[PDB]
>>> print(open('input.cif').read())   # mmCIF, C-alpha atoms
data_entry
#
loop_
_atom_site.group_PDB
_atom_site.id
_atom_site.type_symbol
_atom_site.label_atom_id
_atom_site.label_comp_id
_atom_site.auth_asym_id
_atom_site.auth_seq_id
_atom_site.Cartn_x
_atom_site.Cartn_y
_atom_site.Cartn_z
ATOM 1 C CA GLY Y 1 -33.304 -29.919 42.313
ATOM 2 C CA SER Y 2 -33.647 -26.148 42.568
ATOM 3 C CA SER Y 3 -35.324 -23.908 45.145
ATOM 4 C CA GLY Y 4 -39.105 -23.664 45.015
ATOM 5 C CA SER Y 5 -41.135 -25.975 42.789
ATOM 6 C CA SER Y 6 -42.626 -26.302 39.305
ATOM 7 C CA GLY Y 7 -46.197 -27.392 39.968
ATOM 8 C CA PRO Y 8 -48.709 -29.854 38.480
ATOM 9 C CA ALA Y 9 -48.485 -31.539 35.077
ATOM 10 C CA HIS Y 10 -48.797 -29.028 32.236
ATOM 11 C CA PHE Y 11 -50.999 -30.411 29.459
ATOM 12 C CA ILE Y 12 -48.517 -31.099 26.661
ATOM 13 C CA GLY Y 13 -50.861 -32.893 24.283
ATOM 14 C CA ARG Y 14 -54.104 -30.944 24.605
ATOM 15 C CA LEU Y 15 -57.198 -32.820 23.428
ATOM 16 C CA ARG Y 16 -58.310 -32.762 19.792
ATOM 17 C CA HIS Y 17 -61.795 -32.175 18.383
ATOM 18 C CA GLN Y 18 -63.067 -35.724 17.879
ATOM 19 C CA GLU Y 19 -66.178 -36.889 16.027
ATOM 20 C CA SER Y 20 -68.092 -39.941 17.249
ATOM 21 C CA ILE Y 21 -71.385 -41.641 16.396
ATOM 22 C CA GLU Y 22 -74.687 -41.448 18.275
ATOM 23 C CA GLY Y 23 -75.273 -44.410 20.568
ATOM 24 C CA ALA Y 24 -71.645 -45.484 20.272
ATOM 25 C CA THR Y 25 -68.992 -45.126 22.975
ATOM 26 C CA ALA Y 26 -66.800 -42.036 22.650
ATOM 27 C CA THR Y 27 -63.174 -42.316 23.763
ATOM 28 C CA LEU Y 28 -60.946 -39.291 24.353
ATOM 29 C CA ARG Y 29 -57.198 -39.218 24.995
ATOM 30 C CA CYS Y 30 -54.682 -36.645 26.229
ATOM 31 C CA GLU Y 31 -51.165 -36.261 27.627
ATOM 32 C CA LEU Y 32 -49.710 -34.613 30.730
ATOM 33 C CA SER Y 33 -46.216 -33.351 31.547
ATOM 34 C CA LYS Y 34 -46.263 -36.259 33.998
ATOM 35 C CA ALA Y 35 -48.627 -38.912 35.354
ATOM 36 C CA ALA Y 36 -51.156 -36.869 37.326
ATOM 37 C CA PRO Y 37 -54.829 -37.022 38.392
ATOM 38 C CA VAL Y 38 -57.342 -35.197 36.196
ATOM 39 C CA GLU Y 39 -61.087 -34.597 35.914
ATOM 40 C CA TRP Y 40 -62.961 -34.513 32.605
ATOM 41 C CA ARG Y 41 -65.909 -32.148 32.173
ATOM 42 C CA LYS Y 42 -68.713 -32.342 29.608
ATOM 43 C CA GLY Y 43 -69.988 -28.794 29.199
ATOM 44 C CA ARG Y 44 -70.293 -27.125 32.595
ATOM 45 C CA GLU Y 45 -70.419 -30.700 33.887
ATOM 46 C CA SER Y 46 -68.215 -32.980 35.989
ATOM 47 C CA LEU Y 47 -67.155 -36.362 34.606
ATOM 48 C CA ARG Y 48 -65.997 -38.937 37.155
ATOM 49 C CA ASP Y 49 -65.422 -42.697 37.126
ATOM 50 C CA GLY Y 50 -68.654 -44.461 38.033
ATOM 51 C CA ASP Y 51 -71.380 -46.329 36.166
ATOM 52 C CA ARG Y 52 -70.302 -45.710 32.571
ATOM 53 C CA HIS Y 53 -67.894 -42.795 33.009
ATOM 54 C CA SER Y 54 -64.446 -44.278 32.388
ATOM 55 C CA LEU Y 55 -61.330 -42.301 33.313
ATOM 56 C CA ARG Y 56 -58.579 -44.879 32.811
ATOM 57 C CA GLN Y 57 -55.003 -43.591 32.956
ATOM 58 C CA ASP Y 58 -51.821 -44.999 31.421
ATOM 59 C CA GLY Y 59 -48.876 -43.026 32.767
ATOM 60 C CA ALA Y 60 -49.208 -39.347 31.895
ATOM 61 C CA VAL Y 61 -52.085 -40.387 29.635
ATOM 62 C CA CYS Y 62 -55.766 -39.898 30.453
ATOM 63 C CA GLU Y 63 -58.660 -41.380 28.480
ATOM 64 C CA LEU Y 64 -62.354 -40.601 28.956
ATOM 65 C CA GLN Y 65 -64.788 -43.273 27.773
ATOM 66 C CA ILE Y 66 -68.474 -42.349 27.636
ATOM 67 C CA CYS Y 67 -70.854 -45.156 26.675
ATOM 68 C CA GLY Y 68 -74.271 -44.526 25.158
ATOM 69 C CA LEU Y 69 -73.307 -41.456 23.144
ATOM 70 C CA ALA Y 70 -75.971 -38.963 22.071
ATOM 71 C CA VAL Y 71 -76.106 -36.175 19.487
ATOM 72 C CA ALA Y 72 -77.030 -34.035 22.491
ATOM 73 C CA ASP Y 73 -73.939 -35.016 24.479
ATOM 74 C CA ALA Y 74 -71.918 -33.239 21.792
ATOM 75 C CA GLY Y 75 -70.513 -29.884 22.867
ATOM 76 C CA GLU Y 76 -67.107 -29.387 24.468
ATOM 77 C CA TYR Y 77 -65.205 -31.635 26.876
ATOM 78 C CA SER Y 78 -62.444 -30.318 29.136
ATOM 79 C CA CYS Y 79 -59.773 -32.050 31.218
ATOM 80 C CA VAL Y 80 -58.784 -30.383 34.490
ATOM 81 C CA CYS Y 81 -55.577 -31.610 36.126
ATOM 82 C CA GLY Y 82 -54.933 -28.742 38.521
ATOM 83 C CA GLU Y 83 -53.892 -25.289 37.338
ATOM 84 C CA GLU Y 84 -54.184 -25.878 33.591
ATOM 85 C CA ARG Y 85 -56.946 -27.475 31.520
ATOM 86 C CA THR Y 86 -57.617 -28.358 27.881
ATOM 87 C CA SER Y 87 -60.903 -28.491 25.971
ATOM 88 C CA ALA Y 88 -61.881 -30.287 22.765
ATOM 89 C CA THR Y 89 -65.142 -29.885 20.850
ATOM 90 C CA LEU Y 90 -66.862 -33.254 20.445
ATOM 91 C CA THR Y 91 -69.041 -33.851 17.386
ATOM 92 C CA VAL Y 92 -71.694 -36.573 17.500
ATOM 93 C CA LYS Y 93 -73.118 -38.222 14.383
ATOM 94 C CA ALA Y 94 -76.515 -39.809 13.743
ATOM 95 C CA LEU Y 95 -76.366 -43.610 13.685
ATOM 96 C CA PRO Y 96 -78.081 -45.326 10.725
ATOM 97 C CA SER Y 97 -81.372 -46.440 12.274
ATOM 98 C CA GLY Y 98 -82.658 -47.765 8.963
ATOM 99 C CA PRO Y 99 -84.117 -51.269 8.526
ATOM 100 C CA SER Y 100 -82.030 -53.387 6.155
ATOM 101 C CA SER Y 101 -83.613 -54.317 2.824
ATOM 102 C CA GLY Y 102 -84.271 -57.853 1.627
#
>>> encode(input="input.cif", output="structure tokens")
Amino acid sequence: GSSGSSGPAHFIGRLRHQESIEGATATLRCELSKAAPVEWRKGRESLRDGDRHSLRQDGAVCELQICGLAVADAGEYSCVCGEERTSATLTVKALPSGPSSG
């Protein structure tokens, strides 16, 4: 309770380079100094809750879920909350599209 203010939630648990599989559904997770609204970004892109884009929050905890992954999608995702933002390189793998043997 001091003069002035502090500001938005300062990313305390910045993202972490995660590696997913092609075709699968990637799921990121981060932490904020305090429950606050954020906006994920997939390489000079804007990620918002809609068709597949999932931005569920659990008290100072954001999680981006992108269905239908793709080796191309891989790059670098960032989470903007206000003044600060964290980025984490996402690595996509190639799913085994090989026909089982009998």
>>> closest_residue(input="input.cif", among="Y:15, Y:90, Y:30, Y:74", to="residue 56 in chain Y", atoms="only C-alpha atoms")
Y:30
>>> atom_distance(input="input.cif", atom1="CA of residue 64 in chain Y", atom2="CA of residue 47 in chain Y")
8.5 Å
>>> resolve_selection(input="input.cif", expression="the PyMOL selection byres ((chain Y and resi 43) around 12)", output="PyMOL selection string")
chain Y and resi 40-42+44-47+72-79+87-90
>>> residues_around(input="input.cif", residues="residue 92 in chain Y", least_positions_apart="3", cutoff="7 Å", atoms="all atoms listed in the file", output="PyMOL selection string")
chain Y and resi 19-22+70-71+74
>>> resolve_selection(input="input.cif", expression="the PyMOL selection byres ((chain Y and resi 60) around 7)", output="ChimeraX atom specification")
/Y:31-36,58-59,61-62
>>> atom_distance(input="input.cif", atom1="CA of residue 96 in chain Y", atom2="CA of residue 17 in chain Y")
22.3 Å
>>> closest_residue(input="input.cif", among="Y:55, Y:67, Y:38, Y:12", to="residue 25 in chain Y", atoms="only C-alpha atoms")
Y:67
>>> atom_distance(input="input.cif", atom1="CA of residue 81 in chain Y", atom2="CA of residue 23 in chain Y")
28.2 Å
